[PDB]
Amino acid sequence: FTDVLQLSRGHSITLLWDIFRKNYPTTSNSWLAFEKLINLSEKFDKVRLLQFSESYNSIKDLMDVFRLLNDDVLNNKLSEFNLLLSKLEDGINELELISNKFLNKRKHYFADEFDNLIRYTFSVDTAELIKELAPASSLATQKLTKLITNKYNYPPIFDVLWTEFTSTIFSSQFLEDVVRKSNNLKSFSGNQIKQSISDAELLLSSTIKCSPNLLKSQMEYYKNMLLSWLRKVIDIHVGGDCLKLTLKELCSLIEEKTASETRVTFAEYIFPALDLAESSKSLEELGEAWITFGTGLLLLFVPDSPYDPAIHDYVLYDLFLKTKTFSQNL
Amino acid sequence: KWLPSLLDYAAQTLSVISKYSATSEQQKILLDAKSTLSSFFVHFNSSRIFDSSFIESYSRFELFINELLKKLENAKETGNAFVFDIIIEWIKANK
Amino acid sequence: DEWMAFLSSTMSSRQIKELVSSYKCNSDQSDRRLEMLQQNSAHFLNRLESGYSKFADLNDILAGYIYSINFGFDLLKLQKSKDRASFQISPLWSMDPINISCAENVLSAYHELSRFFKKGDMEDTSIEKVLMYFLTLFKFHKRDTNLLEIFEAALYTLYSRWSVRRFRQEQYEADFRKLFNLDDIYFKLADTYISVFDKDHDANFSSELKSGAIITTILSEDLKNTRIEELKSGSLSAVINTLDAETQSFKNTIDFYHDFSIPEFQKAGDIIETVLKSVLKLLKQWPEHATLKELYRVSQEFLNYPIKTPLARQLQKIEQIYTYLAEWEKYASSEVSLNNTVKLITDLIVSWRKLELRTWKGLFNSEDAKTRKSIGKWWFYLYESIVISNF
C-alpha cells in the first residue's frame with residue numbers, strides 16, 4: 001500500500017499547519033455569518049467611495065464595529081450577531097440613500113496617493129494611522145480587519161500591490177504624482193474645490209505623521225523581515241536558533257531531526273537563499289534569495305499525492321465513535 | 001551666505017508643521033544660533049589683512065558648530081526630523 | 001488536484017530558472033511572461049478564494065509563498081530598469097535644497113541633460129522652460145565663476161534654437177480692439193537675464209523650489225528611462241511648502257477681467273448654492289416652471305465653470321440669474337421671501353464693480369507692460385550683435 005501512495009516532495013505540511021494556522025470559524029453557521037459580514041463589508045466600500053470628509057468619523061466607528069464582529073464570529077457567538085448586522089444594514093442603507101440625494105457626486109482625488117501612503121505603512125504596527133487614512137483610500141476593509149486583529153501569517157503588504165505595483169515602495173513615484181496633481185489642482189469645477197482642498201490639508205496632516213516610515217532603507221527592511229521569517233522556519237524544522245549557531249552545525253543536525261530527501265531541498269534552495277540574504281546589498285540579491293525562498297516552501301507544504309492534516313483529526317473521531325458503537329452493542 | 005537662509009527656510013517648514021502638529025518650540029533654538037554667527041562674521045569681515053587671532057575664534061566657530069550639531073540632534077528626537085536631517089547633512093558634507 | 005495542476009503548468013523550477021536567467025542575462029520580452037504568471041496566479045488565487053468558502057488554513061500560508069514568488073521577480077524588474085539609466089538624474093533634482101548649494105552637483109546634472117536639449121524638435125516649448133531655470137540659480141549663488149560655463153553655453157543653445165526658427169519663417173479691451181506663446185517665454189528669458197545684474201536678493205530656497213515644482217513635472221512625464229532612487233529626507237521640505245502655497249492660494253488675498261480671484265468665486269459658489277437648494281425645495285410646491293428651470297441650469301452650469309475664469313463673464317451670468325429669480329420672486333407668493341439672498345447677491349455685484357473700476361483707474365501700467373512684452377525679440381538681436389563678436 002505504501003509503494004503506491006508514497007510521495008517524494010512535501011512532507012512537512014503538517015509542521016506548518018500546526019504553527020501557521022490562525023483562529024478561523026469552527027462552525028458552518030458561523031461561516032455563513034462570516035460570509036454575510038464580508039458581503040456587507042464589500043458593499044460598504046460602495047458607499048465609502050461617495051461620502052465627503054466631514055462624514056469620516058462615523059465611518060471610523062464602522063471600521064471598529066467590523067472588528068468587534070469579526071472578533072465575535074470566532075467567539076462563535078451568533079445571538080447578537082444577526083441583530084447588529086441588521087442595525088449596520090440600516091445605517092449603511094441610510095447613507096446609501098443619502099448618496100442618491102447628492103447633486104455634487106464626489107470624485108476621489110489623491111486616492112492613489114493615499115493608497116501609496118498606505119502601501120508604506122501597511123504594517124500590524126501603526127494601524128491607528130492606517131485607520132486614520134482608510135476612508136480616503138480604496139481599501140476593502142476586510143484587510144484592515146486583519147491588522148488591529150492580526151490574522152496574517154506573512155508580510156501583509158502582499159494583499160495590496162497586485163490588482164486588476166511594487167515599484168512605488170522602492171521609488172519616489174508618489175512624491176512626483178503629488179506635484180502633477182498639485183499643478184492640475186486647478187482648471188477644475190468649483191464643485192471639486194470645497195472637497196479637494198480638504199484632502200490636501202488632511203494630506204499634510206498625514207504625510208508628516210507617516211514621514212519616518214518613508215525614510216527607512218526599504219531594501220534593508222524587507223531583507224530583515226525575510227530573515228525574521230526565515231530564521232523561524234529552520235528553528236521549527238530543526239530546533240534551536242540560527243542567531244546562535246553556525247550553518248554547518250545546523251546542516252548536520254537535520255539528519256538527527258529529519259529525513260534525507262527533504263534535507264536536500266533544505267540546503268538546495270534554502271540555506272543558500274539565506275547565504276544571499278546575509279550578503280544582500282543590491283536588489284537582485286533580494287530577488288534571488290526571495291524567489292528561491294518561495295520555491296523552497298512549495299516543496300515541504302505540497303505533496304505528490306493527496307494529503308490534508310485536518311482530515312487526520314476528522315477520521316480518528318469516527319473510529320472512536322464506531323468502537324463506542326460496537327462496544328455498546330456488545 | 002547659505003546657513004542664515006537655510007535657518008529661515010526650516011522656520012517656514014516649522015510654522016507649517018505647527019499648523020498641523022505639536023511643535024512650535026524648536027524655533028527659539030535657531031534664532032540664537034543665527035544671531036551668534038554675526039558675532040563672528042563681524043570680525044571675519046572686519047579684516048582687511050588677516051590676523052593670528054582668527055585661529056582662536058575659528059576654533060570657537062568650529063566647536064560651536066559641533067555643539068550645534070548635538071543641539072539639532074537633540075531637537076530631532078521628539079520632533080519631525082527630516083527638516084533637521086538636511087541641515088545636519090549639509091553641515092557634515094561641508095565641514 | 002487543482003494545486004498540482006497549477007504547479008505542473010506554470011510554477012515548475014524548470015520554467016522559473018528560465019526567468020531568473022532571462023533577467024540575469026538581460027534578455028528580451030521577459031517582462032511579459034511575468035504578466036502571464038501574475039494573471040495565472042490571480043486565476044488560481046481568486047478561484048480558491050471564492051472557492052470552497054470553508055478553509056483558509058492552508059490557502060493563506062500558500063498564497064504567502066506565491067505573492068512572495070512574484071514580489072521577487074518584481075524586484076528584479078526594478079533593477080533591470082536600472083540596467084537602463086539613460087540619464088543619471090531623477091526628477092526632483094531641483095526640488096531639494098542640498099542639490100542646489102553644492103555648485104558642482106548642479107553642474108554635474110547639466111552635462112547629463114546635455115542630450116535632452118539637442119533632443120527634441122523646435123517648438124517643443126518644454127525644453128525652453130528648463131534652460132531658463134538654470135540661470136536664476138546663478139543668481140541664487142550670487143555669481144559664482146564656476147557657473148559662467150552653464151550660464152553662457154545655455155544661452156548659446158537657446159539662441160541656436162531661435163536662429164534655427166527664423167531660417168524656417170523665410171520659407172474686453174483686446175476683445176474690443178480686435179473688433180476695430182513664445183513671446184511670453186522669451187519675455188521670461190530676459191527679465192531673468194536682467195535680474196542677474198541687480199544688486200543682491202538675499203536668496204531664499206522657498207522661491208526656487210516652486211519653480212522646481214514646475215520643472216520636475218515636465219522632466220518626469222516627457223522624459224523617460226531615467227534615474228530611479230529611494231526617497232530622501234530633504235526633498236519633502238519642497239513638496240510640503242509647495243502644498244502650503246497652493247492651499248493658501250485659494251484662501252489668501254491687482255487686475256480684473258483676466259484675473260480670476262478665487263476668494264470671490266467661492267463667495268459666489270456658496271451664496272448661489274443656498275439659493276439653488278432653496279429653489280429646488282420650492283420646485284416641489286409648484287412642480288415646474290421654465291424660469292425656475294432656466295435659473296436652475298444657470299446656477300448649475302456657473303458652478304460647473306473653471307476656476308481660472310475671469311470675471312466679466314461671471315458677472316454676466318450672475319446678473320442673468322439675478323434677473324430671472326427677481327422676476328419669479330415678483331410673481332411668487334410673499335411666503336418665499338428670498339430678499340436676504342438677492343440682497344447679498346446685489347451687494348456682491350456692487351463690491352465687484354469697484355474691482356472692475358480699479359483697472360480703469362490706473363489703466364496705464366497695464367499698457368506699460370505690453371510694450372515690455374517686446375523684450376523677447378530684442379534680446380536675440382543684441383546677443384547676435386554682441387556676444388557673437390568674441391566667440
# chains A, B, ... in the order shown; residues from 1 in each chain; ligands from 1
$ residues_around --residues "residue 81 (chain B)" --least-positions-apart "5" --cutoff "12 Å" --atoms "only C-alpha atoms" --output "number ranges by chain"
A: 208-215; B: 10, 13-14, 17, 23, 26, 72-76, 86-89; C: 233-234, 236-237
$ write_last_selection --atoms "N, CA and C atoms" --output "PDB file, in the first residue's frame"
ATOM      1  N   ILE A 208       3.196  64.029   7.252  1.00  0.00           N
ATOM      2  CA  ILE A 208       4.115  64.378   8.325  1.00  0.00           C
ATOM      3  C   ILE A 208       4.186  63.249   9.338  1.00  0.00           C
ATOM      4  N   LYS A 209       3.028  62.754   9.755  1.00  0.00           N
ATOM      5  CA  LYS A 209       2.951  61.671  10.720  1.00  0.00           C
ATOM      6  C   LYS A 209       3.512  60.365  10.185  1.00  0.00           C
ATOM      7  N   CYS A 210       3.460  60.151   8.869  1.00  0.00           N
ATOM      8  CA  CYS A 210       3.970  58.945   8.235  1.00  0.00           C
ATOM      9  C   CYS A 210       5.385  59.122   7.688  1.00  0.00           C
ATOM     10  N   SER A 211       6.042  60.245   7.990  1.00  0.00           N
ATOM     11  CA  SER A 211       7.360  60.539   7.440  1.00  0.00           C
ATOM     12  C   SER A 211       8.435  59.529   7.834  1.00  0.00           C
ATOM     13  N   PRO A 212       8.604  59.171   9.117  1.00  0.00           N
ATOM     14  CA  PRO A 212       9.697  58.247   9.458  1.00  0.00           C
ATOM     15  C   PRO A 212       9.529  56.863   8.865  1.00  0.00           C
ATOM     16  N   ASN A 213       8.307  56.464   8.517  1.00  0.00           N
ATOM     17  CA  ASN A 213       8.105  55.228   7.777  1.00  0.00           C
ATOM     18  C   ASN A 213       8.682  55.294   6.370  1.00  0.00           C
ATOM     19  N   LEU A 214       8.804  56.493   5.799  1.00  0.00           N
ATOM     20  CA  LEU A 214       9.289  56.637   4.434  1.00  0.00           C
ATOM     21  C   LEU A 214      10.797  56.485   4.335  1.00  0.00           C
ATOM     22  N   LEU A 215      11.532  57.116   5.238  1.00  0.00           N
ATOM     23  CA  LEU A 215      12.970  57.268   5.088  1.00  0.00           C
ATOM     24  C   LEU A 215      13.753  56.011   5.428  1.00  0.00           C
TER      25      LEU A 215
ATOM     26  N   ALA B  10      13.858  76.375   7.033  1.00  0.00           N
ATOM     27  CA  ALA B  10      13.378  75.486   8.076  1.00  0.00           C
ATOM     28  C   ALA B  10      12.284  76.125   8.918  1.00  0.00           C
ATOM     29  N   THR B  13       9.092  75.848   7.284  1.00  0.00           N
ATOM     30  CA  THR B  13       8.591  74.491   7.466  1.00  0.00           C
ATOM     31  C   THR B  13       8.144  74.245   8.898  1.00  0.00           C
ATOM     32  N   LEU B  14       8.820  74.844   9.876  1.00  0.00           N
ATOM     33  CA  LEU B  14       8.416  74.654  11.261  1.00  0.00           C
ATOM     34  C   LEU B  14       7.074  75.296  11.573  1.00  0.00           C
ATOM     35  N   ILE B  17       4.542  73.097  10.102  1.00  0.00           N
ATOM     36  CA  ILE B  17       4.345  71.932  10.951  1.00  0.00           C
ATOM     37  C   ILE B  17       3.490  72.299  12.152  1.00  0.00           C
ATOM     38  N   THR B  23       4.672  70.833  17.318  1.00  0.00           N
ATOM     39  CA  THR B  23       5.930  71.535  17.546  1.00  0.00           C
ATOM     40  C   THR B  23       5.895  72.960  17.011  1.00  0.00           C
ATOM     41  N   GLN B  26      10.937  74.361  18.932  1.00  0.00           N
ATOM     42  CA  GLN B  26      12.318  74.209  18.500  1.00  0.00           C
ATOM     43  C   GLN B  26      12.727  75.294  17.512  1.00  0.00           C
ATOM     44  N   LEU B  72      20.843  70.240  17.463  1.00  0.00           N
ATOM     45  CA  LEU B  72      19.914  69.802  16.430  1.00  0.00           C
ATOM     46  C   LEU B  72      19.501  68.354  16.626  1.00  0.00           C
ATOM     47  N   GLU B  73      20.465  67.468  16.878  1.00  0.00           N
ATOM     48  CA  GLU B  73      20.139  66.059  17.053  1.00  0.00           C
ATOM     49  C   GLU B  73      19.288  65.842  18.300  1.00  0.00           C
ATOM     50  N   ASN B  74      19.434  66.710  19.303  1.00  0.00           N
ATOM     51  CA  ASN B  74      18.539  66.689  20.450  1.00  0.00           C
ATOM     52  C   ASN B  74      17.140  67.148  20.079  1.00  0.00           C
ATOM     53  N   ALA B  75      17.029  68.179  19.250  1.00  0.00           N
ATOM     54  CA  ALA B  75      15.743  68.629  18.748  1.00  0.00           C
ATOM     55  C   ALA B  75      15.154  67.680  17.716  1.00  0.00           C
ATOM     56  N   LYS B  76      15.989  66.901  17.028  1.00  0.00           N
ATOM     57  CA  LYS B  76      15.499  65.896  16.100  1.00  0.00           C
ATOM     58  C   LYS B  76      14.629  64.853  16.778  1.00  0.00           C
ATOM     59  N   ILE B  86      18.471  67.506   6.901  1.00  0.00           N
ATOM     60  CA  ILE B  86      19.136  68.112   5.754  1.00  0.00           C
ATOM     61  C   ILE B  86      20.153  69.157   6.189  1.00  0.00           C
ATOM     62  N   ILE B  87      19.815  70.002   7.162  1.00  0.00           N
ATOM     63  CA  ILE B  87      20.800  70.955   7.667  1.00  0.00           C
ATOM     64  C   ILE B  87      21.988  70.213   8.266  1.00  0.00           C
ATOM     65  N   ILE B  88      21.732  69.101   8.958  1.00  0.00           N
ATOM     66  CA  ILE B  88      22.819  68.306   9.514  1.00  0.00           C
ATOM     67  C   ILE B  88      23.693  67.753   8.397  1.00  0.00           C
ATOM     68  N   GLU B  89      23.071  67.225   7.344  1.00  0.00           N
ATOM     69  CA  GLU B  89      23.830  66.632   6.255  1.00  0.00           C
ATOM     70  C   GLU B  89      24.621  67.680   5.497  1.00  0.00           C
TER      71      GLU B  89
ATOM     72  N   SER C 233      15.397  62.709   2.597  1.00  0.00           N
ATOM     73  CA  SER C 233      15.000  63.351   3.835  1.00  0.00           C
ATOM     74  C   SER C 233      15.087  64.870   3.793  1.00  0.00           C
ATOM     75  N   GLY C 234      15.287  65.469   2.619  1.00  0.00           N
ATOM     76  CA  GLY C 234      15.199  66.904   2.439  1.00  0.00           C
ATOM     77  C   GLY C 234      14.131  67.311   1.445  1.00  0.00           C
ATOM     78  N   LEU C 236      11.099  66.429   0.839  1.00  0.00           N
ATOM     79  CA  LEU C 236       9.755  66.695   1.332  1.00  0.00           C
ATOM     80  C   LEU C 236       9.587  68.126   1.806  1.00  0.00           C
ATOM     81  N   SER C 237      10.682  68.775   2.194  1.00  0.00           N
ATOM     82  CA  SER C 237      10.675  70.187   2.531  1.00  0.00           C
ATOM     83  C   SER C 237      10.317  71.084   1.352  1.00  0.00           C
TER      84      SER C 237
END
$ residues_around --residues "residue 116 (chain C)" --least-positions-apart "6" --cutoff "10 Å" --atoms "only C-alpha atoms" --output "PDB file with N, CA and C atoms, in the first residue's frame"
ATOM      1  N   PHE C  87      19.676  58.508 -18.352  1.00  0.00           N
ATOM      2  CA  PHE C  87      20.030  59.741 -17.675  1.00  0.00           C
ATOM      3  C   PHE C  87      20.173  59.418 -16.200  1.00  0.00           C
ATOM      4  N   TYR C 110      23.869  69.070 -15.623  1.00  0.00           N
ATOM      5  CA  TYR C 110      23.788  69.719 -16.918  1.00  0.00           C
ATOM      6  C   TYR C 110      24.358  68.877 -18.044  1.00  0.00           C
ATOM      7  N   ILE C 127      11.490  72.075 -23.354  1.00  0.00           N
ATOM      8  CA  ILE C 127      12.923  72.283 -23.197  1.00  0.00           C
ATOM      9  C   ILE C 127      13.209  73.706 -22.753  1.00  0.00           C
ATOM     10  N   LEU C 219       9.993  67.321 -16.489  1.00  0.00           N
ATOM     11  CA  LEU C 219      11.127  66.419 -16.609  1.00  0.00           C
ATOM     12  C   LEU C 219      10.769  64.975 -16.276  1.00  0.00           C
ATOM     13  N   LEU C 223      10.283  63.053 -20.431  1.00  0.00           N
ATOM     14  CA  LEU C 223      11.468  62.214 -20.429  1.00  0.00           C
ATOM     15  C   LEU C 223      11.181  60.938 -19.651  1.00  0.00           C
TER      16      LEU C 223
END
$ interface_residues --of "chain C" --to "chain A" --cutoff "8 Å" --atoms "only C-alpha atoms" --output "PyMOL selection string"
chain C and resi 1+4+13+20+53-54+57-58+60-62+64-76+78-79+91-92+213-214+216-217+220+228-233+239-240+243+246-247+266+269+303-308
$ closest_atom_pairs --of "chain B" --to "chain C" --cutoff "12 Å" --atoms "only C-alpha atoms" --output "tab-separated table"
residue	atom	partner	partner_atom	distance
B:1	CA	C:202	CA	8.2
B:2	CA	C:101	CA	7.6
B:3	CA	C:101	CA	10.3
B:4	CA	C:202	CA	9.5
B:5	CA	C:204	CA	5.9
B:6	CA	C:205	CA	7.5
B:7	CA	C:204	CA	10.0
B:8	CA	C:204	CA	8.3
B:9	CA	C:205	CA	6.5
B:10	CA	C:237	CA	8.1
B:11	CA	C:206	CA	10.9
B:12	CA	C:241	CA	7.9
B:13	CA	C:241	CA	6.8
B:14	CA	C:237	CA	10.1
B:15	CA	C:241	CA	10.3
B:16	CA	C:244	CA	7.4
B:17	CA	C:240	CA	9.3
B:19	CA	C:244	CA	10.3
B:20	CA	C:244	CA	11.2
B:80	CA	C:233	CA	10.7
B:81	CA	C:233	CA	8.4
B:82	CA	C:233	CA	4.9
B:83	CA	C:234	CA	6.5
B:84	CA	C:234	CA	8.7
B:85	CA	C:233	CA	6.5
B:86	CA	C:234	CA	5.3
B:87	CA	C:98	CA	8.6
B:88	CA	C:234	CA	10.5
B:89	CA	C:98	CA	8.6
B:90	CA	C:98	CA	6.8
B:91	CA	C:98	CA	10.4
B:92	CA	C:98	CA	11.7
B:93	CA	C:102	CA	9.5
B:94	CA	C:102	CA	9.3
$ write_last_selection --atoms "C-alpha atoms" --output "CSV table (one decimal), in the first residue's frame"
chain,number,residue,atom,x,y,z
B,1,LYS,CA,25.7,83.1,2.6
B,2,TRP,CA,23.8,79.7,2.9
B,3,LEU,CA,23.1,78.8,6.5
B,4,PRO,CA,21.4,82.1,7.5
B,5,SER,CA,18.8,81.4,4.8
B,6,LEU,CA,18.5,77.6,5.5
B,7,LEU,CA,17.5,78.5,9.0
B,8,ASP,CA,14.6,80.7,7.9
B,9,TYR,CA,13.6,78.1,5.3
B,10,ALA,CA,13.4,75.5,8.1
B,11,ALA,CA,11.5,78.1,10.1
B,12,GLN,CA,8.9,78.3,7.3
B,13,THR,CA,8.6,74.5,7.5
B,14,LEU,CA,8.4,74.7,11.3
B,15,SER,CA,5.5,77.1,11.2
B,16,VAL,CA,3.8,74.9,8.6
B,17,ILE,CA,4.3,71.9,11.0
B,19,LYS,CA,-0.3,74.4,11.9
B,20,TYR,CA,-0.9,70.7,11.8
B,80,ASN,CA,9.9,66.0,12.9
B,81,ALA,CA,13.4,65.0,11.9
B,82,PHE,CA,13.7,65.4,8.1
B,83,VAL,CA,13.9,69.2,8.4
B,84,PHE,CA,16.8,68.8,10.7
B,85,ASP,CA,18.4,65.9,8.8
B,86,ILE,CA,19.1,68.1,5.8
B,87,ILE,CA,20.8,71.0,7.7
B,88,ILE,CA,22.8,68.3,9.5
B,89,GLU,CA,23.8,66.6,6.3
B,90,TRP,CA,24.8,69.9,4.7
B,91,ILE,CA,27.0,70.9,7.7
B,92,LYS,CA,28.5,67.4,7.6
B,93,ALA,CA,29.2,67.5,3.9
B,94,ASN,CA,30.8,70.9,4.2
$ closest_residue --among "B:71, B:25, B:40, B:30" --to "residue 56 (chain B)" --atoms "only C-alpha atoms"
B:40
$ closest_residue --among "B:58, B:95, B:79, B:66" --to "chain A" --atoms "only C-alpha atoms"
B:79
$ select_by_dssp --residues "chain B" --states "helix (DSSP H, G or I)" --output "PyMOL selection string"
chain B and resi 3-20+28-46+53-76+82-93
$ residues_around --residues "region 359-367 of chain C" --least-positions-apart "3" --cutoff "10 Å" --atoms "only C-alpha atoms" --output "compact mmCIF listing (two decimals) with N, CA, C and O atoms, in the first residue's frame"
# COMPACT_ATOMS: atom_id res chain seq x y z
N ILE C 254 -2.81 93.76 -9.02
CA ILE C 254 -4.25 93.64 -8.89
C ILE C 254 -4.88 93.90 -10.25
O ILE C 254 -4.51 94.86 -10.93
N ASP C 255 -5.84 93.06 -10.65
CA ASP C 255 -6.29 93.02 -12.04
C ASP C 255 -7.71 92.46 -12.11
O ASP C 255 -8.15 91.72 -11.23
N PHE C 256 -8.41 92.84 -13.18
CA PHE C 256 -9.78 92.46 -13.46
C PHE C 256 -9.83 91.91 -14.88
O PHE C 256 -8.91 92.13 -15.67
N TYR C 257 -10.88 91.14 -15.17
CA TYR C 257 -11.32 90.65 -16.49
C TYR C 257 -10.30 89.76 -17.21
O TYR C 257 -10.55 89.34 -18.34
N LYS C 354 -16.32 97.82 -7.97
CA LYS C 354 -15.10 98.55 -7.61
C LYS C 354 -13.87 97.91 -8.22
O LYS C 354 -12.93 98.62 -8.59
N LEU C 355 -13.84 96.59 -8.30
CA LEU C 355 -12.68 95.92 -8.86
C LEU C 355 -12.66 96.05 -10.37
O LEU C 355 -11.58 96.12 -10.97
N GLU C 356 -13.84 96.07 -11.00
CA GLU C 356 -13.90 96.48 -12.40
C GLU C 356 -13.39 97.91 -12.58
O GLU C 356 -12.77 98.23 -13.60
N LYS C 370 2.66 95.79 -22.06
CA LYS C 370 2.54 95.28 -23.42
C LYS C 370 3.65 95.81 -24.32
O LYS C 370 4.03 95.14 -25.29
N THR C 371 4.19 96.98 -24.01
CA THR C 371 5.47 97.39 -24.58
C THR C 371 6.63 96.58 -24.01
O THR C 371 7.55 96.23 -24.75
N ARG C 372 6.58 96.25 -22.72
CA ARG C 372 7.60 95.43 -22.09
C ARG C 372 7.61 93.99 -22.60
O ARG C 372 8.62 93.31 -22.43
$ closest_residue --among "A:269, A:205, A:325, A:249" --to "chain B" --atoms "only C-alpha atoms"
A:205
$ atom_distance --atom1 "CA of residue 130 (chain A)" --atom2 "CA of residue 58 (chain A)"
16.1 Å
